[PDB]
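K.L.:
Have a look at this fold, sequence not included:
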DNA sequence: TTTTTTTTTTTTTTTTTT
């Protein structure tokens, strides 16, 4: 009886009552152009959109109706996309469905996997990935920034990683700045943000600043995230900066802050370092230079000998060299029996 | 001690006089492969030295000369002894997995400049043998996934193909590759986006599933949307998508519409959908220029080829609704206007002389290649439409006359300077299936319902020499790389079946119709069709001895041991050489004699 | 005028000597 359901019935989608998927009479492009010309040639042009989206939000007040509206339709003629993605394919409908998609997302913060184990807010942000046309790009960016602030920790971890799918190829600068400003405060979200920051299109002198920023606060990271962050730091070396970052990493990593709770994480971390020096030879020479040049500081850690044994046991051109360096650590008193 | 053994064995095998004297000695190869069998029990002391010998043999004797007998055959045989040592040692010693498998991978990943085909062969063998025994030593694989961005593209395609039997059985390893490919989809290097495209096309090609089976469909749709976005990048990533979409259809039929609209919208950027507008493709939009650097984007030829192949598979398979007729009539309008276009609609030969000095000649040369590719695709289309209609064969002739006009344009422009460019010998867009079917229909076919329509094609001698030229090009591509360029040109069984069919047709044209029917001209005496058929026969027999060595029996059955079949074929060829000789010709075509003794030298290695 | 073959040069690999 609402204007929305009547226009959708004459467009050619059967609206299901909220168990199974919505049916399709015509193709996707046919339905989209049909509803486009239907809203075009209809009189009272600047108000039928607002009447349409008010009928839409009144329809998606229900849990099952909205949950099926997020899920993908059924082909009668053998399986296609969702009504929300098809409805957001039309540019004149886009920003209203964007707004009434984000207004009802704080409704599903504490709601998690009730009946069909279909988590709702990841399904809400699933409909924004790979939009063909984006109208309001700055407005969409500010809306997801408000969302990425107010969210739960798991939900903000989830939406933060779907950022490069969601955004186009313009607006990456202010997103990079706001993400780094979220990174300097929150240290629980160190692991996905760096993941995304290489995956956007940032300028390299932003990335080197964020790399220095995350190496500075390397002691304040929980045990589960440490091999992933060191994996990023080792994966993000060039040929030119490699000895400076390797020396910083040698001076900052301790294993006297993280020692089936810490031994497994230390195992994983040494797997990461072993595999890093195996598939990349210059990290071994960089790390031996970073230990050999530590001559004045008789604060030699455990990490110095465990890394000398690991570069010994792996790539075997270094053996004589790590035989030599270790001799000059024993005569000089810098490595001792304790 | 291994290289000496193989030199000795090659020397005896090449000569009977030494076979009579020397009684058959065990060689160091058989002794080493006995050591690996013996070591199963308790000899763990031995097996860490077996692994080091394996990788010393492979590291020291692997190829380099392609990036001869003595530098090749006792070094090929040592490097394949290495892989046999490591593959037999891998199977039984359950503790030097992860010492072979992280060292194979460490040579594949990190070297990537020196040829590493032997390690990809070994890794394919190791995986394919038992991914059931590799799910206990699997993390050594998924740590080389993180290095996949920085590799060259052919190594990424080859490494993903090799590791594919692990991706069939293991779901955790597939969902570990998807995170790498999705992360590298956006990376700032060029090769990372190509490797992401390759990996996603191979995951769509080989797999259905990527828990309720509604989300697998929306995951396929989301991957396909990312690939639809990658369709607006540079020319080569577009070209990779165009080769891949056909095989994406042909495995997962359900993605039919989601591929085809993806091409049709992409077709409509470069199509003008009004009649009586004579350049019926916008060739300007295909070339971009930014400060005198001038380059292609969206090759129309490969796009049309992918459209036409997918459309043929849509007709023949899916139907035995109102969408494919639209693309049919679009293609028919392209044919109908490409017939009555001529050369100033794309401003060719008159305004620009295709000069490799200026940007405008570059633009017109690119334009000329695009029109040549379009005409080849529409030749294949017009053949494919009907059951030998006369009108469509007239359109085939008109399209070929356009293509031949552009070829005679381009050949004269390679006449002032040299033919240093390998871009006119660049690949045809006819599948090997089509060239096989076209030559079967041209020469052998004598069904009266098709004669009146084929007789317009037979009367065109230049068309028939173009056809056998294209067949010779497909056999040359099969020899030089492993496989040919078109559709179904990466499956060895399909190239085998098309090799048998070309062999049959070229044999029938060579033996039945002699050489002495030359009533054309004295410039055509090194370019005759009965000469080219013998040349294609020579290439086919060489290529089938090299690549399809285990099938030569079932290669000859399509034309009792291999000796009687080869003897009958030698009787045909040596009768041909005899009548060529005893004719006592004073002009004496020695080219046909050289090809006959070359094909007899090829054949006589089977007796 | 172009394609193929032959001849020369250079580079790489292996052996032998200090």
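P.N.:
Happy to help now that I have it. Residues are numbered from 1 along each chain as shown, chains lettered A, B, ... in the order given.

K.L.:
With adjacent residues omitted, what lies nearest to the residue of the stretch 151-300 of chain A found nearest DNA strand C?
P.N.:
Minimum separation of the stretch 151-300 of chain A from DNA strand C (Cβ to the nearest atom of the strand) falls at residue A:281, amounting to 20.4 Å. Any C-beta I mention is one placed from the backbone N, CA and C, and that applies to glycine too. With sequence-adjacent residues excluded and distances taken as Cβ to Cβ, 6 or more residues apart in numbering or on different chains, residue A:281 is closest to residue A:315, at 6.4 Å.

K.L.:
Just give me the neighbour total for the residue of the stretch 201-338 of chain A found nearest chain B.
P.N.:
Proximity of the stretch 201-338 of chain A to chain B (Cβ to the nearest Cβ) peaks at residue A:275, 4.9 Å away. Using other Cβ atoms under 10 Å in any protein chain shown, residue A:275 has 21 other residues around it.

K.L.:
Hmm, it is touching residue B:142, no?
P.N.:
No - judged on Cβ atoms under 8 Å, residue A:275 makes no contact with residue B:142 at a distance of 10.4 Å.

K.L.:
Spell out the residue ranges of the strands in chain B.
P.N.:
Using DSSP state E, the strands of chain B run over residues B:287-290, B:293-296.

K.L.:
So which residues make contact with the last one?
P.N.:
Looking back up the chat, that one is strand B:293-296. Where contact means Cβ atoms under 8 Å, 6 or more residues apart in numbering or on different chains, the residues beyond strand B:293-296 that reach it are B:234-235, B:286-289, B:359, B:362-363, B:366.

K.L.:
What strands line up against it, and which way round?
P.N.:
strand B:287-290 (antiparallel) (DSSP bridges).

K.L.:
In the partner strand, which residues are buried?
P.N.:
residue B:287 (16 or more other Cβ atoms under 10 Å in any protein chain shown).

K.L.:
Stretch B:78-92 too?
P.N.:
Result for stretch B:78-92 [16+ other Cβ under 10 Å]: buried residues B:78-90.

K.L.:
now stretch A:169-177
P.N.:
For stretch A:169-177, by 16+ other Cβ under 10 Å, it's A:172, A:175-176.

K.L.:
next one: stretch A:199-218
P.N.:
So for stretch A:199-218, counting by 16+ other Cβ under 10 Å, buried means A:199-200, A:202, A:206-207, A:210-211, A:214-215, A:218.

K.L.:
and that stretch, anywhere near chain B?
P.N.:
Yes - with Cβ under 8 Å from any Cβ of the partner chain as the measure, stretch A:199-218 is seen reaching chain B through A:199-201.

K.L.:
Just the residues you listed: which are in helices?
P.N.:
residue A:199 (DSSP state H).

K.L.:
mind putting the residues of stretch A:199-218 next to chain B in JSON lines, distance to residue B:38 included?
P.N.:
JSON lines is the format used below for those (distance: Cβ to Cβ, whole Å):
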{"residue": "A:199", "distance to residue B:38": "53"}
{"residue": "A:200", "distance to residue B:38": "58"}
{"residue": "A:201", "distance to residue B:38": "59"}
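
K.L.:
Now that residue A:292 has come up, it's in contact with residue A:326, right?
P.N.:
No - the pair residue A:292 / residue A:326 is not scored as a contact, 9.8 Å apart, by Cβ under 8 Å.

K.L.:
and the one residue in chain A that gets nearest to DNA strand C, how many residues sit next to it?
P.N.:
Nearest residue of chain A to DNA strand C, counting by Cβ to the nearest atom of the strand: residue A:317, 18.6 Å away. Neighbours of residue A:317 under the rule other Cβ under 10 Å: 9.

K.L.:
Quick check: it vs residue A:310, distance?
P.N.:
15 Å (Cβ to Cβ, to the nearest Å).

K.L.:
Flag every residue of the stretch 51-200 of chain A that's near chain B.
P.N.:
A:71-72, A:77-82, A:126, A:129-130, A:164-165, A:195, A:198-200.

K.L.:
Quick one, which of the residues you listed are buried?
P.N.:
A:71-72, A:79-82, A:126, A:130, A:164-165, A:195, A:198-200.

K.L.:
mind listing which of those residues are in helices?
P.N.:
Per DSSP H, these map to helices at A:126, A:164-165, A:195, A:198-199.

K.L.:
Can you pull up the most central residue in chain B?
P.N.:
residue B:484 (2.1 Å; Cα atoms, centre = their mean).

K.L.:
ok, so of the buried residues of stretch A:169-177, who is nearest chain B?
P.N.:
Relative to chain B, and with distances defined as Cβ to the nearest Cβ, the nearest of the buried residues of stretch A:169-177 is residue A:172, at 10.3 Å.

K.L.:
didn't that closest one look like it was pressed against residue A:200?
P.N.:
Yes - under the criterion of Cβ under 8 Å, residue A:172 makes contact with residue A:200 at 4.5 Å.

K.L.:
dump the residue contacts of the closest residue to residue A:224 other than its chain neighbours.
P.N.:
Distances taken as Cβ to Cβ, 6+ apart put residue A:265 closest to residue A:224, at 6.9 Å, once the chain neighbours are dropped. Counting by Cβ under 8 Å, 6+ apart, residue A:265 touches A:223-224, A:226-227, A:258.
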